[PDB]
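Presented below is the structure to which this report refers.
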2 protein chains.
Amino acid sequence: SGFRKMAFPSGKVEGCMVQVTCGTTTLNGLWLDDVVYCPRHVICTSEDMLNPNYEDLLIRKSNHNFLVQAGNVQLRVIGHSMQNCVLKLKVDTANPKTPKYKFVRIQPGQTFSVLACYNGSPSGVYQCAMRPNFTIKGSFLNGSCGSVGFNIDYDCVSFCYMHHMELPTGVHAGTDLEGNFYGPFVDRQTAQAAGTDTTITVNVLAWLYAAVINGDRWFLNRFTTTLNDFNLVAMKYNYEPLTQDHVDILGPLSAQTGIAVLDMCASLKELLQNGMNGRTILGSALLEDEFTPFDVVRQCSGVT
Amino acid sequence: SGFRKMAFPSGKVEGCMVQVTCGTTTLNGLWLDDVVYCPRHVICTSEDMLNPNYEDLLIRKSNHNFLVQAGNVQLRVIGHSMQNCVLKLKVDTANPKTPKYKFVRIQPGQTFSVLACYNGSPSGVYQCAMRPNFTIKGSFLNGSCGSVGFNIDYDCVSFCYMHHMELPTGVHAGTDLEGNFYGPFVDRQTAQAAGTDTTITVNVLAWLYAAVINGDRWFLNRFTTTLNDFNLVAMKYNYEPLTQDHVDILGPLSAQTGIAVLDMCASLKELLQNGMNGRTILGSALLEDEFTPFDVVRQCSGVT
Ligand SMILES: *CCC(=O)N(c1cc(C(C)(C)C)on1)[C@@H](C(=O)Nc1ccc(OC)cc1C)c1cccnc1
Ligand SMILES: *CCC(=O)N(c1cc(C(C)(C)C)on1)[C@@H](C(=O)Nc1ccc(OC)cc1C)c1cccnc1
């Protein structure tokens, strides 16, 4: 037992981290097969960030201007192209450590692991969630750009995020591995305010199920509710609306614990209305929303 | 910016995880050089757990009774010995993925990363702290025994913990890599209650410094205190006493933020006495104590 904010083991992704330098800017790149993926803003200088014309800035760059270093050895760049907000640098050597992989674009509410890197070197790994406003609450300093988000299913790494920027509010924005930003963010130093960071209701319910499985049952009550009644309360507290799809996704957890999904919704409703009263659930004094129902099942069953 | 419960990248430790089977029990082992380390309770059956005589149980085991599998290939066991509560199985092949390593016995309050494994396969990584009562609040299911705790300094892995058991209260006990348990716990299925889980004061202060560095400053007040006054309050709230050694360890964070350690203690004192009032610090509604002052500096500086 015990429930922890757990990340996927990062080895498979560590073997893919490289350093990409263009001029004076150095950031992280992801080396899969003979391609290195990195944020296109690696070609930008001090001025450029404010109003960059990437197509124009890219004309002044040749293959030899992109310095790619994997460990302490240099990779030869034989081609370069821009796909949306990522640069793809074709190298002459396939990464011998390329795991089986996919590029996926996740939905908000979905969780993933981030391997935070600096100068192509991994510094740490943590578990994130794509917020409903398409930001991520990460831990990224200057030079962390190019660090990636991923999920692993046995031996296949599904890359879903690449770090590009920090908004003035200390939250983070990035793209999928096709270079498309999550949300409305752009890779320029301009006024970009995030929308309402609503709570991922289905994840809170999944984590309440994890708490019951682990023995924290004080919040379980004698009440039930309906999806419509629950959602009136959820709207009031800036919680995402709960749909029949979410109820279905929670089915295995409801089955394992014997607590009907709507009964857990009524417990969540009373927690929203009354607060925790100084109590904790799974060692937390707030309702945790960065565990999906899949994460709860995986962690509670020991999927390797 | 942003502050996350960050683990060390786990690749170097993933390359060391093996499966050890003795009879019907299968748990995890750590393969460094030509030795595989695992909990000695791998030799125990259903009955044995209650009152095991490990020296007697070990007499009935030969090298061929220990099945060690690294990936899908079997390792040949050429020697076996018991060192305290760990078994050391000498194999005929040195692990080609052995990183530079050390075995360290950490103090309570110190943090570390755990790579939770099942059948020698890594399932997840998370950051822990050795509690002042010598337990760890992990996430471990049956078969997780032999999973290890570690810290990394650039390229050297310092292994500090090996998982052995879960106490009836859902908390975890284990040993260092020399087989010595942390705390008074023993590897037998008996009444073993944990002591008071006090809060690691120096870690809470380090995390309050991390919050100031990241912009969460609402809790900063106009007060100061002394080590003796602060400690009277700390004792009342089951916080560990703060010593001059802890104040010295917080020096770099005090220097970076310009907030004297005793001033941060007075802020912590008011948080203990008044509570959070429904507010959060670094996205948490309670005072976090699983970040050491070294972790705060490492994360805030991007040590790779
Ligand atoms: C690796 C790049 C980097 O450190 N950062 C960055 C990103 C960019 C552009 C060209 C805008 C994509 O330029 N520098 C920064 C970052 O995003 N800083 C930043 C913060 C706030 C604002 O407000 C307008 C603009 C910018 C540029 C970074 C720092 C920490 C974490 N991630 C990224
Ligand atoms: C990998 C071994 C295992 O799953 N567990 C275990 C440990 C042991 C001994 C021989 C006692 C060291 O036997 N089985 C269990 C575990 O420790 N279970 C457990 C819980 C509570 C009590 O109370 C008396 C006794 C025992 C044996 C395990 C389960 C989950 C996480 N870690 C370990």
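We're sticking with Swiss-Prot numbering for chain A, so the shown stretch reads 3264-3567, in order.
Quick reminder: no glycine exception, Cβ is built from N, Cα and C everywhere.
Now, the feature entries from Swiss-Prot:
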type	residues	note
CROSSLNK	A:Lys3268	ubiquitin cross-link
ACT_SITE	A:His3304	active site, for 3CL-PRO activity
CROSSLNK	A:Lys3353	ubiquitin cross-link
ACT_SITE	A:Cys3408	active site, nucleophile
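The Cβ of A:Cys3408 (active site, nucleophile) lies under 8 Å from the Cβ of A:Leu3290, A:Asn3291, A:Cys3301, A:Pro3302, A:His3304, A:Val3305, A:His3426, A:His3427, A:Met3428, each of these being in the same chain and 6 or more residues away along the sequence. A:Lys3268 (ubiquitin cross-link) sits 36 Å from A:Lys3353 (ubiquitin cross-link), taking the C-alpha atoms as the reference points. Using a Cβ-Cβ cut-off of under 8 Å to chain B, the recorded positions A:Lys3268, A:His3304, A:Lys3353, A:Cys3408 reduce to A:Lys3268. Checked against ligand 1, the recorded positions A:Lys3268, A:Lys3353, A:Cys3408 give A:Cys3408 in sequence order as having a Cβ less than 6 Å away from one of its atoms. In this structure, the recorded positions A:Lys3268, A:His3304, A:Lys3353 were compared by how many other Cβ atoms lie within 10 Å of their Cβ, and the smallest count belongs to A:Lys3353. DSSP classifies the residue listed as 'active site, for 3CL-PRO activity' as helix under the three-state reduction. According to its DSSP assignment, A:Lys3353 (ubiquitin cross-link) is in a strand.
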